[PDB]
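Okay, so here's just one chain, in structure tokens, the form deposited in one PDB entry.
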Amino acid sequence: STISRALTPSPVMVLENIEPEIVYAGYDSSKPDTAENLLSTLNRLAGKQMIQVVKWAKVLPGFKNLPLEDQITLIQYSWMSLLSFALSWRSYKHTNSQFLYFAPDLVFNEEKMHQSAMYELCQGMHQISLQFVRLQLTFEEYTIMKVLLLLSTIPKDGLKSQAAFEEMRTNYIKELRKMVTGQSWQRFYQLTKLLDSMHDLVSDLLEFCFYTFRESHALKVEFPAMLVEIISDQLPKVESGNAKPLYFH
């Protein structure tokens, strides 16, 4: 047992091992970069990324101590935070925050950001990547923060297993605290601040997403079944005031 306990990978080590492989957009560079084409491509990429999110959630420590309804809830609430945060990370790691690195076959410069018709939302996410450069964010801090985003929104009256969620959330907050190890406190607070700031960015991304979804026929913006499922459930929940964002500050 002493050997067993000592060799057991730390939660952070597991997070590295389970991090999904970077996914391809299947961006069709032969179609013109109209807003309609780009947004439909982003939605298709979102579908493929959500496949990976679910797989990663299956094997996420603490996350299976949670009832199936709570797991589904948290993913539906936070999928946008997870995917936009991962975007900021890939942009930071693969292009030194020069570009928005959606996929290896789909990298946005300024021109694409304008063409997508969500220029300001792209800017918001790029700004997060530029903060990654200011902070020199580490993969370790990144993976923990991403789990904290998964646990950043709950039903206004709580989850089916509120105590286990609370326990799991505190453990990852602890993991973050241990990982940032005067200078220690300041980094931790800068990271908690960045996480908080994701709620406002994500509310704006969701607002655009929900709008585009409800008008997808007029807009000619396609959504894959994966996204149709998530948004169809999430939209009326979020709009009935059933979502509660958790803030550090």
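We number the residues from 1 along the sequence you see.
Absent from the display: the form solved in complex with a partner chain. The rest refers to it.
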Quiz item: Is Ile72 one of the residues lying within 4.5 Å of its partner chain in the deposited bound form, judged by heavy atom distances?
Solution: yes
Quiz item: Any of the heavy atoms of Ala218 lying within 4.5 Å of its partner chain in the deposited bound form?
Solution: no
Exercise. Would you please decide whether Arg214 lies within 4.5 angstroms of its partner chain in the deposited bound form, comparing each non-hydrogen atom pair?
Key: no
Quiz item: Does its partner chain get within 4.5 angstroms of any non-hydrogen atom of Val54 in the deposited bound form?
Solution: yes
Quiz item: Which residue among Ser97, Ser84, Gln76, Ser116 has a heavy atom within 4.5 angstroms of its partner chain in the deposited bound form?
Solution: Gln76
Quiz prompt | 4.5 Å heavy atom contact with its partner chain in the deposited bound form for all of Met13, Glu16 and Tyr101 | solution = no
